[PDB]
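Got a structure for you, written out below as C-alpha cells; questions coming shortly.
Chain lettering (A, B, C, D, E, F and G) follows the sequence in which the chains are written, and residue indices restart at 1 in each chain.
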Amino acid sequence: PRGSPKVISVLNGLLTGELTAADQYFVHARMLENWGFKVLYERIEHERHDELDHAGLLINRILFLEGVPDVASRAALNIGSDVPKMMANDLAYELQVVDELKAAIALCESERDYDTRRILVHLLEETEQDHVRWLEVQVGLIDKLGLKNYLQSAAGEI
Amino acid sequence: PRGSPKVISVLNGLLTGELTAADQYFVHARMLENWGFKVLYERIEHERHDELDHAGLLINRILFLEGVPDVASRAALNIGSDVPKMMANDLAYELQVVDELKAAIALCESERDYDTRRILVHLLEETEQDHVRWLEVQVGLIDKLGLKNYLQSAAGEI
Amino acid sequence: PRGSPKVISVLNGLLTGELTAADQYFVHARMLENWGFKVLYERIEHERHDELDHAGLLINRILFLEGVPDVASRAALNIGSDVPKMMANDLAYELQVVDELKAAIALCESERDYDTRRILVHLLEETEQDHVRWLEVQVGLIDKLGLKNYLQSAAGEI
Amino acid sequence: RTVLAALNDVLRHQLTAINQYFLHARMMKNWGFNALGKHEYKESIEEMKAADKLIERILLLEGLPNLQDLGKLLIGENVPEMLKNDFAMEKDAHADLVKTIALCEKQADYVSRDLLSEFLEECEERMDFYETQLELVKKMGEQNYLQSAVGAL
Amino acid sequence: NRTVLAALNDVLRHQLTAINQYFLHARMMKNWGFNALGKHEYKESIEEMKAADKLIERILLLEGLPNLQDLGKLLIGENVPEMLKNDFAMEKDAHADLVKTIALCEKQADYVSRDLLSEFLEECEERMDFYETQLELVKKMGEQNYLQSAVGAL
Amino acid sequence: XXXXXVXXXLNXXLXXXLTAXXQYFXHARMXXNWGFXXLXXXXXXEXXXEXXXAXXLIXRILXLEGXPXXXXXXXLXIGXXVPXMXXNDXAXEXXXXXXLXXXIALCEXXXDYXXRXXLXXXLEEXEXXXXXXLXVXXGXXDXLXXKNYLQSXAXXX
Amino acid sequence: XXXXXXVXXXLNXXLXXXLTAXXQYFXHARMXXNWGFXXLXXXXXXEXXXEXXXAXXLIXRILXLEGXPXXXXXXXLXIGXXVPXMXXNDXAXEXXXXXXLXXXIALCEXXXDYXXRXXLXXXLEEXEXXXXXXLXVXXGXXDXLXXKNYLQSXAXXX
C-alpha cells in the first residue's frame, strides 16, 4: 500500500522529532542519574523508552508505505543546566512535537489515509498525557513545592 | 573526579559511533521486519538494545568525568537494500568501531585512566563477540547456504 | 609465589589505606546512628563492610605473594563534626585512595604482575563507583536540597 | 413529610459534597498532588456511598429523592483554599445533620435517625481531618505540606 | 479553544445529569424488587461516572474549569417502562450533543478530546441499543413477563 | 479420483450448507439485536457447526479431485419474527435433509463409502442437532405461548 | 439507529466484500491443507475466521442502524491454482477492500456517523496490517526465497 509523498515527508519529520526527543530524554535522564535524582531518572528513562517505541511505530508506518525512513537527521538539542531548565526544555520540545503531530493528523485526514491518522492520534494521546502532562505537572510542582523541596522529592532515597 | 580532555574526547567519539550504530541497527531491523525476516529482525533488535546499553555506559562514564556528552552528533549511515548489503554494512561499521575502541583503550592506558579502560575493554569484548562474530558468520553463511536458503532461514515461520 | 618487593610495598600501603578508611567509616557510621541519621548510617555501615572486604582482598594477595601484611600501621583519621564535613572528609580520603590505587595499578603493569593488577582494578572500580560516586552525589545533594532538607532525607522515618 | 424534607435537604448537601470532593480530587491530581488527590477521591467515594444509603432510606419511606438540586460548590484555586472550603462545607453539614437528627428523634422515627447519626460520625471525622490539615499546613509550611501532599514523584 | 471547552462542559453536564438519573432509577428499581434491572442500571450509572471522571480530567488538562454545578432536568419514571423510555430519551439528547461536539472538536483540530468523545459516543450508542431493545422486549413479551425477568431471583 | 455424479451431489450439498450458514448468521445477529440472547447463542453455535460441516464437505470435494463451488448461494429465507425465523430454519433443514438422503443413496450406488460415511454423519447432525431442536422450538412456541417463549429466549435482563 | 441510506448502502457493500473474502480464504485454506501446506493453511484459516468476525461486526452495526443486512449477495471469487496465484489474488482482493473501506470511512465522516467510522477504521487497520501486509510480505518472500524454498517453508513439518 503506497503512501502519499506528503504523508511520507510528514512522517519523516515526525520521526526525526521523536528521535531527537529520545536523544534529549536520554541525556536528561543520565544527567539526573549523575546528580542523584533517582526517581526523576526512573521517570525520564521510562519516557525515553516510550519515545523509542514511538519512533519504532513511526518507522514501521513509513516502511509500510514504501518510503525510505530518515533517521540520520537530528534536530538541535536543548540540554538544561539544572533540573528546572531541563524540564522547561522538555516541555517546550514536547509542545513543538504536539504541534507537528496535529499538523500531521490534519494532513492524514486530508489525504484519505486513516491508519496513519490512527497511529498519529495514538502518538498524540501519548505525547499529551504521558509526556506533556507530567512535565507541566512537574513545572507547577517546582513552582509550588519550592526548588529545595522538589529536589528532595526527586532525589528519593539517599 | 575531573576527567582528562583527551579521554573525554575519545569517549565522545565512541559515543557518537555507538549512537550511529544504534540508529543503523534500528533501521535495519525495522526493514528486515518489513521484509518478513523475523529471525534476523529479532537478532538485530537485540543488538540495537545492546547498542543502547553501550551508549548509556559511555554517557555515564563521560558524566562521571565531568564531561559534556556530544549526543547530538551522528556519523554517516550506510543503509543496505538487501540482507547481504545490511550484513556487509554492519560488518564494516563494526570493524571501524573495533579500531576506534582499540585506539581509545590505548589512550586510556597511556593516560592512567583505568576504569574507563575497563569499560571500553568490556565494550570491545561485546562488540567483537556479540556483533562482529555474528556478522562474519552471517556473511559466511550467506556464501555457503546460498542467498535463497539463507533467506529462508532468516524468514523462519511464515 | 614471591612477587616484586615494590609490589608488596604498594600493596601494604593500599592495605593500610583501606584499614584507615574502614576505621574512619566505622566512626562516621556510628556517629550518624548516634545523631539519628538512619539512612546515612545504613549506607556508611555497608561501605565500612565493603572496605573490610577490600582489605581482605589486599591481605590475601599480600600473603599469596609471600609478604608480611602491614595491618598494625594506620593513617590519621579525618573525623568530621557535622554531616557535610563527614561526607567531605570521606570523599577526600576516597579520592586519595583512588590516586594511590592508580599509582599501584601502573606499578603492577610495569612489573608484569597482572593478577594483582586485576584485583587492583576491581578495587579501583568499587572505589570510584560504589564510594566516590555516592559521596560526590551526596555533596551535590547537600548543595541542591539544602542542609535542612538533606538532613531530613538522611534521618528518614522518625 | 417533615422528616422526608429534612432527608432530602441532607441528600442535597451530600450530593454537593460528592461533587465538590470529586472536583477537588481531580484538580489535586491535575496539579500532581497524588496523596491529597487520592484521599479526596476516597472521601468523595465515601460520600457517594453515604448518598446511596440515604437514597435507599428515602425510597424506603415512600418519598421522592430530590437529586435535581445541588448546593453551591466552594471551589478553591490552591490547595489550602480547597482544604478550608471542604472544612466549611463539612461544618454546614454538621449543623444541618444535628438539626435533622433532633427532628428525627422528635418524630419517633429512629432508623433514619441512626443512619443520620453514623453520617454525622463520618462528617465529624472529616471535619477533624480538614481542621488538622489546615493546622498542619500552618505548622510545617505550605511548601512542606505540598511536598507531603505530592507523595511519590 | 473556548468553544471546545464550552462543548466539553456541556457534555459533562449531560453526563452528570445521566449519572443522577441512572442512579436514582437503579435505586427505585431495587426498591421495587427489580434486582436484575436495578443491577444493570447501577452498572450503567457507574460507567457514566467513570466517563465523567475522564471528561473532568480532560477539561482540567485543557486548563479549563469543569462545571459540576449545573445539571439538566431529571426525567424520573413512575414505572419501569417509563424509566426505560426516559433513559432512552436522555440518551437521545446526549447522543445528538455528542455528535455535534465531536464535529466541533474535529473542526478545531483538537484530536485527543475528539477520541475521548468518540469513546463516549460508542458507549452512548451501545446504551441506545440496549434501551431500545429493552422497550421492544417489553412490547414483544408483555410487561408482566418483562417485569418478572427484571426481578430475576425473587 | 471421484465420480462426476458424486462430486455434483457434494457440491449441491455444499451450496446448501453455505446458504444455511449465511441464514443462521443473519438470524443469530437479528436475534442478538432484538435482545434474545439464549436463542442467539444457540443459533450462533449452530452457524459455527454449519461452518464446520461445510469445511468437512469442502475437504471431501477437494480430496476427490473436484472443485468446490463456494461462489454460489441458494435463495435465502429470512424471518421477521422469531417464529418466522424458527419455521424458516426448519424448512431449510428439511430440504437439506432430503437432499442429503438423496446424496447418500447416490454415494451408495457409486460405491463411494467414505463420502457416504461423511454424509451420514452430516445427516445425523442435521436430523438431531438441528431439525429436532427447531421442531422442539416451534412446539415450545406453540405450548409455552409466544410471550413466554420470547421471555425464555431473552434469557436474563 | 435511523442510519443514513448512503451509510447503510456503503456498509452493505463492505459486507458483501467481507463475505466474498471469507468464502475465498475458506476455499484457499482448504486447498492449501489439501496440498500439504499446513503452515500456510493455518494462517489462511485464521484469517478466514478473522474475516468472519469482521463481517459479524459489520452485520451487527447494520442491524443497529435499522437496515437490512444484505448477506445474500456475493462477488466473483478468484481461486488460485497455485500458492503464488493464491497469494496474489488474496492481495488484490484485500487492496480492493482497503480502497472500498477508505471510501466508506470518508463517507461516514462526511455524514457525521462516528461510531460506524470507528468500526470501519478498526476494520481498515486490521485489513492493512494483519492481512494486506502479510500477503505482500508473502509475495515478496516467494521471490526472495524462490518458489521451492517458500513452499518448503509453507509445508512446515512433513
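The criterion applied here is as follows: a residue touches a chain if its C-beta (ideal position, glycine included) is under 8 Å from a C-beta of that chain, and two chains touch if they have at least 3 such contacts.
Chain by chain, the UniProt names read as follows: A, B, C, D, E = Bacterioferritin.
Undergrad: Touching both chain C (Bacterioferritin) and chain G, which chains are there?
TA: Touches both chain C (Bacterioferritin) and chain G: A, B.
Undergrad: Report the chain whose mean Cα position is at the greatest distance from that of chain C (Bacterioferritin).
TA: Looking at centroid distances, F is the chain farthest away.
Undergrad: Report the chain ID whose CA centroid sits closest to the centroid of the full protein CA set.
TA: The most central chain here turns out to be A.
Undergrad: Is the number of contacting C-beta pairs greater for B-G or for A-E?
TA: B-G
Undergrad: Taking each chain's centre as the mean of its CA atoms, how far is chain A (Bacterioferritin) from chain D (Bacterioferritin) in angstrom?
TA: 41
Undergrad: List the centre-to-centre spacing of chain F and chain G in whole Å, with centres computed as mean CA coordinates.
TA: A distance of 25 Å separates the two centres.
Undergrad: What whole-Å value do you get for the distance between chain A (Bacterioferritin) and chain G if each is reduced to the mean of its CA atoms?
TA: About 36 Å separates the centre of chain A (Bacterioferritin) from that of chain G.
Undergrad: Quick one: which residues in chain B (Bacterioferritin) touch 2 or more of the other chains?
TA: 34, 64
Undergrad: Please output the residue numbers of chain F that touch at least 2 other chains, ranges allowed.
TA: 33
Undergrad: So which stretches of chain E (Bacterioferritin) touch two or more other chains?
TA: Answer for chain E (Bacterioferritin), listing residues that touch two or more other chains: 61, 129.
Undergrad: Between which chains does touch occur?
TA: A-B, A-C, A-D, A-E, A-G, B-C, B-G, D-E, E-F, E-G, F-G
Undergrad: How about chain B (Bacterioferritin): which of its residues touch chain G in the complex?
TA: Where chain B (Bacterioferritin) meets chain G, its residues are 34-36, 148-149, 151-152, 155, 157-158.
Undergrad: Name, in rising order, each residue of chain E (Bacterioferritin) that touches chain A (Bacterioferritin) in their complex.
TA: Interface residues on chain E (Bacterioferritin), with respect to chain A (Bacterioferritin): 61, 109, 111-112, 115.
Undergrad: Considering only the defined contacts, which chain A (Bacterioferritin) positions touch chain D (Bacterioferritin) in the complex?
TA: Residues 39-40, 43, 137-138, 140-141, 144-146, 149-150, 152-154, 156.
Undergrad: Within the complex, which stretch of chain G touches chain F?
TA: Result: residues 19, 23-24, 26-27, 30-31, 33-34, 52, 56, 59-60, 63-64, 69, 71-72, 74, 76-77 of chain G touch chain F.
Undergrad: Across the complex, what residues on chain A (Bacterioferritin) touch chain E (Bacterioferritin)?
TA: 102, 105-106, 121, 124-125, 128-129, 133
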